[PDB]
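In: once you've seen the sequence and the experimental structure below, I've got questions.
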Amino acid sequence: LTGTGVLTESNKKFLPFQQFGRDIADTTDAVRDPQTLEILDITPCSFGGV
Amino acid sequence: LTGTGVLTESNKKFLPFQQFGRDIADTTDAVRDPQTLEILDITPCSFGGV
Amino acid sequence: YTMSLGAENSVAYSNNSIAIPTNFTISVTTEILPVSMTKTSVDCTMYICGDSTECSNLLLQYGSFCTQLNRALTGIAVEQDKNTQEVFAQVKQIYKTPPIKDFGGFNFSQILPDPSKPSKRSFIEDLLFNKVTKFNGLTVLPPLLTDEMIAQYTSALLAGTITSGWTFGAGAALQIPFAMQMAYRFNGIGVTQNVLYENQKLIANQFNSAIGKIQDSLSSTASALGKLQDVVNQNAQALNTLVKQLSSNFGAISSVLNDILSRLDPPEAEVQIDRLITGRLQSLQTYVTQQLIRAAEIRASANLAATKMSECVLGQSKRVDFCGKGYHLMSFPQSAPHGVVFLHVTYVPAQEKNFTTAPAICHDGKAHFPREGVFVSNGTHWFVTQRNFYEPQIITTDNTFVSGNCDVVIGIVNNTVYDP
Amino acid sequence: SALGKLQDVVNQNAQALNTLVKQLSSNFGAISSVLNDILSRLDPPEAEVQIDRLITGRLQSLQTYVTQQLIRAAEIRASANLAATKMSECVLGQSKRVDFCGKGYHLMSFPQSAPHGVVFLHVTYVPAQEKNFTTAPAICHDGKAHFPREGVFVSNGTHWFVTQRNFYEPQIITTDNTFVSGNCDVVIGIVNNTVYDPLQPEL
Amino acid sequence: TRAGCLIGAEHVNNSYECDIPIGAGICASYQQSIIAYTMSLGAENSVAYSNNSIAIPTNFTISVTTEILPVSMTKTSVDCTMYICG
Ligand SMILES: *[C@@H]1O[C@H](CO)[C@@H](O[C@@H]2O[C@H](CO)[C@@H](O)[C@H](O)[C@H]2NC(C)=O)[C@H](O)[C@H]1NC(C)=O
Ligand SMILES: *[C@@H]1O[C@H](CO)[C@@H](O[C@@H]2O[C@H](CO)[C@@H](O)[C@H](O)[C@H]2NC(C)=O)[C@H](O)[C@H]1NC(C)=O
Ligand SMILES: *[C@@H]1O[C@H](CO)[C@@H](O[C@@H]2O[C@H](CO)[C@@H](O)[C@H](O)[C@H]2NC(C)=O)[C@H](O)[C@H]1NC(C)=O
Ligand SMILES: *[C@@H]1O[C@H](CO)[C@@H](O[C@@H]2O[C@H](CO)[C@@H](O)[C@H](O)[C@H]2NC(C)=O)[C@H](O)[C@H]1NC(C)=O
Ligand SMILES: *[C@@H]1O[C@H](CO)[C@@H](O[C@@H]2O[C@H](CO)[C@@H](O)[C@H](O)[C@H]2NC(C)=O)[C@H](O)[C@H]1NC(C)=O
Ligand SMILES: *[C@@H]1O[C@H](CO)[C@@H](O[C@@H]2O[C@H](CO)[C@@H](O)[C@H](O)[C@H]2NC(C)=O)[C@H](O)[C@H]1NC(C)=O
Ligand SMILES: *[C@@H]1O[C@H](CO)[C@@H](O[C@@H]2O[C@H](CO)[C@@H](O)[C@H](O)[C@H]2NC(C)=O)[C@H](O)[C@H]1NC(C)=O
Ligand SMILES: *[C@@H]1O[C@H](CO)[C@@H](O[C@@H]2O[C@H](CO)[C@@H](O)[C@H](O)[C@H]2NC(C)=O)[C@H](O)[C@H]1NC(C)=O
Ligand SMILES: *[C@@H]1O[C@H](CO)[C@@H](O[C@@H]2O[C@H](CO)[C@@H](O)[C@H](O)[C@H]2NC(C)=O)[C@H](O)[C@H]1NC(C)=O
Ligand SMILES: *[C@@H]1O[C@H](CO)[C@@H](O[C@@H]2O[C@H](CO)[C@@H](O)[C@H](O)[C@H]2NC(C)=O)[C@H](O)[C@H]1NC(C)=O
Ligand SMILES: *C1O[C@H](CO)[C@@H](O)[C@H](O)[C@H]1NC(C)=O
Ligand SMILES: *[C@@H]1O[C@H](CO)[C@@H](O)[C@H](O)[C@H]1NC(C)=O
Ligand SMILES: *[C@@H]1O[C@H](CO)[C@@H](O)[C@H](O)[C@H]1NC(C)=O
Ligand SMILES: *[C@@H]1O[C@H](CO)[C@@H](O)[C@H](O)[C@H]1NC(C)=O
Ligand SMILES: *[C@@H]1O[C@H](CO)[C@@H](O)[C@H](O)[C@H]1NC(C)=O
Ligand SMILES: *[C@H]1O[C@H](CO)[C@@H](O)[C@H](O)[C@H]1NC(C)=O
């Protein structure tokens, strides 16, 4: 699962089998690290107009 | 250069290195002939809906 | 079935029969008008290309399409703030209600702001706010006027209209007791002041009951704020569709740009990226066009809302059905999440009775016409009554005027014009 | 910048036209952005593909320009309808609509031609120099409640007068400018004063 | 701010009329330095309401105000064929 983001740790609780996470527009919003089995979280890198 | 137009005796003053002149919005509007080296204002000949 | 338009009612019309109301109802009705939509900014380069230099270089060949999309979106965004300013910033000086609220029995507790409340809104304002429900270069700019500040405009307008009536709309606010303001508004609809003053408690009770019924309708019944929710849903659906269009290959090998870059040489990858670019640019242009159309619709709605705020809240309108169904008395603004709710207080005649009516009265060979009323008869005696309320009065020279002899007028009757 | 609204329309139209002209210089994937050179240095087959790319790009640009011009024309038509309504109701008559013909009580309006619009000079009446007075809804005289016909009962502290609602013109409480409606028990806030009867001194 | 990070302007407690709209109620204005402030909605005028008090105007002002309304834009025609193809 390739992407670019900020890997904050979350408390989503994903069920034993579920690994990836998505939202209403199907964008990876959480992913469990294969080692240590921690839920984690994904947020986009900061962007905006100047 | 290539186009359709009338070639009026231009009153503009080209610097020695300059060759042709584009007006606002990037449309060729003046050219200097090679052999005699004087400025020629190119004006597209009249057109309009009927 | 085949729909029925309404109950077949034949008016009991006769050439000498009139119906005069003998009672009234103070009805407060809500009108919800959108005033603005979410200010969304879509960076064209990030949306079409993400973070690829090859895609950006290819997109440069298309010229100023992205800049034009950005300028159109910025125009829409600033137009939303202009709409909010026009609707709500119609008041100079933030008027405040007195600590002691003696308004002749009228209760504006549900409409006035509440300090314990988070945004200093009214009760109805929290009802309205509770009823309603950054990726790929999409940003949502916050509105210039936050919810607290729009609520403060609403409170200022409401306090001004309660305290000074319509005077603050023209110039400086001029204090006036609310009973006398309501009496002058009664004079506006053609009803004399004595009707209000003699029925002040009943009218205050009717207004309080109507406000309570509006409260109950908002609290219990969902989907009342249909227009605002429709605008929000349309904007969200448009943005979601714009996001979803990034998952379409548009005839390319893949809908993801990095894969095409990785597993193809730059020549063929150039053609595939060109297909992706033209598809995404078409999608973005469609989005901007529909946003412009929706922004025009919202601007029309906000213009109507500003007109209603000027002509119903800052004054009393004689335009029929402009500020509610009935004879307009006054109006109250309330801040809505993306619009404004006007509580129109109107006068509705009720409990009518039929009488025998005459155009004029022949007395001493002279035709008398009412100055401001109508000649009614209960069966045996004739009276002058004001048109919108049954207040019979003896035929006198003070309330009638003479014009010619009594043979020209069709339907004239015989009665005595008492001379004081 | 007083005529900002007209200059905004002029600038928007000029900017749209300039963008449309500048779009002619874009390649849109073709080898050259000028059609004559493409026809000059290519055979009909390849020149056909290049011209097709240029055609699709320029046609898309023209379609965008026409769509935005249509939207701007709808906006301008709404503005022109509002201007016509203001000409009809503010200039050709006196309007009771609040803030339709200026901030205040509308008196009249004058039109003035503008290069691409109209300027309305709204002459309006604005009350000023207000004063506070004591006030009662009615006056109980001889057990009868008297209400003002078209004015307001006011008091400077010791005497009660009738004044028009928008200008301080105090007048003696008389039967001419008041009307009687029932006793003085029902109405709330009524005060006591003598309603001078014009007929009695003459008799 | 709620709109974002503003660099080069100093926050002030005072509230003034909006000059340059940053957003979320915050504006910026030049006063030697550029200041950023929550905009002032207006003066606080508590009208002296009472159940037996009125305010009657004793004078007036004739005010003439200008309203500018666009009525037409430039009638432009773009020949599609010669624009696209010359
Ligand atoms: C994959 O291997 C890692 C490496 O050993 C495992 O992580 C260890 O988990 C145990 C369980 O408590 C810890 O005591 C160790 O300290 C962890 N290792 C390190 C280096 O911290 C991980 O559990 C394995 N994944 C599985 C078994 O699913
Ligand atoms: C105006 O209406 C509000 C709400 O209907 C009144 O507030 C209520 O007052 C009663 C006492 O009469 C309390 O028991 C309630 O708890 C109050 N709140 C609600 C939500 O009902 C208020 O008293 C009314 N104003 C006047 C002057 O009577
Ligand atoms: C006019 O209609 C109102 C309805 O609001 C009447 O007021 C009600 O009258 C009933 C008696 O039929 C009472 O039980 C209610 O308590 C009254 N309500 C209020 C708020 O006062 C009123 O009586 C009617 N007037 C006439 C002359 O019939
Ligand atoms: C129509 O109205 C007239 C005027 O009120 C009624 O005539 C009076 O009725 C009262 C009854 O309370 C008597 O005391 C008066 O002597 C009557 N004559 C007058 C005042 O001149 C009449 O009864 C009414 N008719 C109907 C059918 O309602
Ligand atoms: C209003 O309509 C009534 C009913 O048609 C008219 O009354 C008629 O008048 C004529 C001439 O006076 C009589 O010959 C008829 O017998 C009347 N009919 C009835 C049913 O009474 C009346 O003329 C009409 N115009 C008015 C009242 O001005
Ligand atoms: C109203 O009263 C007048 C006056 O009594 C009536 O006029 C009479 O009309 C009849 C019929 O045309 C004549 O014979 C009389 O000479 C008239 N009298 C006078 C004094 O002019 C009139 O008819 C009455 N109208 C109604 C509708 O009853
Ligand atoms: C309120 O107005 C009344 C009416 O003008 C004042 O009473 C008169 O005041 C004048 C002062 O110039 C005396 O000359 C009159 O004799 C007064 N009585 C009349 C005209 O009947 C009264 O003084 C005013 N009160 C205040 C507090 O200004
Ligand atoms: C208008 O407001 C005044 C002031 O609140 C009221 O005056 C009160 O009247 C009652 C009984 O008449 C007294 O017990 C209070 O002491 C008065 N208050 C003050 C501050 O003096 C008045 O009743 C209200 N209503 C009117 C004038 O109709
Ligand atoms: C206005 O005048 C009337 C009559 O002069 C006053 O009515 C008096 O009321 C008191 C208290 O209810 C009674 O004791 C008197 O007998 C009444 N007078 C008469 C002649 O019946 C009324 O109080 C006055 N209003 C004010 C505000 O003072
Ligand atoms: C009403 O206001 C006008 C101003 O709009 C007053 O006219 C001015 O009065 C001052 C005296 O204080 C003079 O110095 C000015 O020359 C006047 N200007 C004009 C244009 O007349 C007027 O006096 C005020 N009227 C009242 C009754 O207060
Ligand atoms: C009103 O009309 C009804 C039914 O036609 C009639 O019986 C009644 O007398 C009328 N009332 C009056 C006062 O004319
Ligand atoms: C070259 O230019 C000069 C000056 O313009 C002209 O006199 C001369 O004839 C030109 N050469 C030829 C071969 O014509
Ligand atoms: C008098 O008018 C009509 C006549 O049919 C009837 O409805 C009823 O008797 C009365 N109506 C009203 C308005 O009360
Ligand atoms: C009467 O009362 C007001 C209360 O603020 C005060 O300004 C003044 O004494 C009077 N009215 C005016 C506005 O002159
Ligand atoms: C007002 O400005 C002073 C000076 O910087 C600052 O210390 C204070 O926190 C500000 N706010 C208030 C409420 O005093
Ligand atoms: C107006 O109100 C002010 C402030 O309460 C008071 O001093 C003044 O006497 C009042 N004037 C009148 C005529 O009521």
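Out: Everything's here; your move. Numbering: from 1, shown residues only, chains lettered A, B, ... in the order given. Ligands and ions are numbered 1, 2, ... in the order given.
In: the longest strand seen in chain D close to ligand 7?
Out: The strand that spans the most residues within chain D, counting by DSSP state E, is strand D:117-134. No. Contact of strand D:117-134 with ligand 7 (C-beta under 6 Å from any ligand atom) is absent, the minimum separation being 9.9 Å. Any C-beta I mention is one placed from the backbone N, CA and C, and that applies to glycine too.
In: which helix or strand lies directly C-terminal to that strand?
Out: Toward the C-terminus, strand D:117-134 is succeeded by strand D:139-141 as the next helix or strand (DSSP states H and E).
In: which residues touch residue 22?
Out: Because you didn't say which chain, this covers chain A. The contact partners of residue A:22, by C-beta atoms under 8 Å, 6 or more residues apart in numbering or on different chains, come to A:28, A:29.
In: try chain D instead
Out: Going by C-beta under 8 Å, 6+ apart, residue D:22 touches B:25, B:26, C:63, C:64.
In: relative to residue C:78, how far out is the last one?
Out: Relative to residue C:78, residue C:64 is positioned 20 Å away (criterion: C-beta to C-beta, to the nearest Å).
In: quick check: residues of chain A near chain C?
Out: By the rule C-beta under 8 Å from any C-beta of the partner chain, the part of chain A lying against chain C is A:24, A:25, A:26, A:27, A:44, A:47, A:48, A:49.
In: tell me, how many residues neighbour the residue of chain A found nearest ligand 13?
Out: Across chain A, no residue is closer to ligand 13 than residue A:24, which sits at 58.5 Å (C-beta to the nearest ligand atom). Neighbourhood size, residue A:24 [other C-beta atoms under 10 Å in any protein chain shown]: 9.
In: need the three-state assignment for it.
Out: State at residue A:24, reduced to three classes by DSSP: H, G, I helix; E, B strand; the rest coil: coil.
In: residues touching it, list them.
Out: Contacts for residue A:24 were tallied using C-beta under 8 Å, 6+ apart; they are residue C:240.
In: next one: the longest strand of chain D to chain centre, how far?
Out: Strand D:117-134 has its C-alpha centroid displaced from the chain centroid by 15 Å (C-alpha atoms, centre = their mean, to the nearest Å).
In: please see if that strand touches chain E.
Out: Yes. Contact between strand D:117-134 and chain E, assessed by C-beta under 8 Å from any C-beta, occurs at D:117-134.
In: list the residues that contact the residue lying closest to residue C:275 once chain neighbours are set aside.
Out: Counting by C-beta to C-beta, 6 or more residues apart in numbering or on different chains, residue C:252 is the residue found nearest to residue C:275 once chain neighbours are left out, at 4.5 Å. With contacts defined as C-beta under 8 Å, 6+ apart, the neighbours of residue C:252 are C:260, C:272, C:273, C:275, C:276, C:279.
In: filter these down to the buried ones.
Out: Judged by neighbour count, with 16 or more other C-beta atoms under 10 Å in any protein chain shown as the criterion, the buried members of the contacts of residue C:252 are C:260, C:272, C:273, C:276, C:279.
In: for chain D, which segments count as strands?
Out: Taking DSSP E as the criterion, chain D contains strands spanning D:105-114, D:117-134, D:139-141, D:144-148, D:151-155, D:160-164, D:171-172, D:178-180, D:191-192.
In: among the ones you listed, which is nearest residue C:40?
Out: Distance to residue C:40, taken as C-beta to C-beta, is lowest for strand D:117-134 among the strands of chain D, at 30.6 Å.
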